[PDB]
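Next comes just one chain, in structure tokens: the form deposited in one PDB entry.
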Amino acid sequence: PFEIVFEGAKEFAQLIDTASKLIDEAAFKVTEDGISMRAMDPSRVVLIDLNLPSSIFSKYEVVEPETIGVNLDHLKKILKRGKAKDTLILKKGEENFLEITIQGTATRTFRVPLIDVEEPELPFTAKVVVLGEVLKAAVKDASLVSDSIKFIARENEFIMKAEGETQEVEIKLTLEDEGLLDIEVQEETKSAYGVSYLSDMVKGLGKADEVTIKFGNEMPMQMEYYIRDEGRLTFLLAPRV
């Protein structure tokens, strides 16, 4: 059992919405230190890792640790009722359901039944930190133009393209551009990743959010952004499988 309160219902709704694009159900481990969730999509191409320390919640009371399983589509449907400034209260008692209350100027309560849900380390040579706007633009620009997007990183340049034979769209960044905050490269690095996976990964990403991307030559990419400074959502995406 526990009682957890998060200020900013919409933001929490965005995290769940994002995860639901990769998986239908997930297991959330709720301990005194915080909430964690790890999962791999059905295609075994992307791994999602979510960690929300108790420090980011305005109220965090856990009577007894527990791992609860939930259908993310059902959860998202309820959470989308929350406004940017609404407060979200999650309460779990002895029974198999989570009581969700959303309060702003008025209050609303819902139930989400629980379900039984069963089921990074690479030698990266490039690291970049960009504003979410750049990645959101990149995927929106690539969607129906190509199957994948080629990521290229050099000393003072980050490029997202797809060297091929179709109409070509490329986003280029240098440190002089506001979209690129940091770039560290050990050697020229290139890899390509699936466009539909990236579109899902950047779903609900804020345009002003700072996103760290780490990758290598023909290797997976690790994408990560923070939630309330201490929380974090991390993705590990295969370059090909």
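Residues carry their position along the shown sequence, with the first being 1.
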Inset, instruction - Look at the stretch from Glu119 to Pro120 and count the residues of the deposited sequence that the entry does not model, then pick none, 1 to 3, 4 to 9, or 10 or more. - result: 4 to 9
Inset, instruction - Report the stretch with the higher mean CA temperature factor, choosing between 136-144 and 162-170 on the basis of the entry. - result: 162-170
Inset, instruction - Pick between 189-197 and 54-62: the one whose mean CA B-factor in the entry is higher. - result: 54-62
Inset, instruction - Sort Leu180, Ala26, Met40, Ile213 by C-alpha B-factor from the entry and give me just the highest. - result: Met40
Inset, instruction - Kindly indicate the residue among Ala84, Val129, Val112, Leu72 with the greatest C-alpha B-factor in the PDB record. - result: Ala84
Inset, instruction - Can you work out whether the C-alpha temperature factor of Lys91 puts it in the lowest, middle or highest third of the chain? - result: middle
Legend entry - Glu230 - Cα temperature factor, lowest/middle/highest third of chain: highest
Inset, instruction - Sort the modelled residues of this chain by their C-alpha B factor and say whether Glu224 lands in the lowest, middle or highest third. - result: middle
Inset, instruction - Check where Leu236 lands among this chain's C-alpha B-factors and tell me if it's the lowest, middle or highest third. - result: lowest
Inset, instruction - Determine, from the deposited record, the chain-internal third of the Cα B-factor for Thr101: lowest, middle or highest. - result: lowest
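Although not depicted, the form deposited with a partner chain bound is the subject of the following passage.
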Legend entry - Site check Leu15, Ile35 and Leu233: each within 4.5 Å of the partner chain in the bound PDB entry by heavy atom: no
Inset, instruction - Select, from the options 211-219, 182-190, 49-57, 25-33, the stretch whose residues sit within 4.5 angstroms of the partner chain in the bound PDB entry by heavy atom distance. - result: 211-219
Inset, instruction - Could you spot which one of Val62, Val70, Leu205, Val45 gets a heavy atom to within 4.5 Å of the partner chain in the bound PDB entry? - result: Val45
Legend entry - the partner chain contact in the bound PDB entry: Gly8, any heavy atom under 4.5 Å: no
Inset, instruction - Please run the contact check for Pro120 against the partner chain in the bound PDB entry: heavy atoms, 4.5 angstroms, yes or no? - result: yes
Inset, instruction - Considering only heavy atoms, tell me if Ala238 and the partner chain come within 4.5 Å of each other in the bound PDB entry. - result: yes
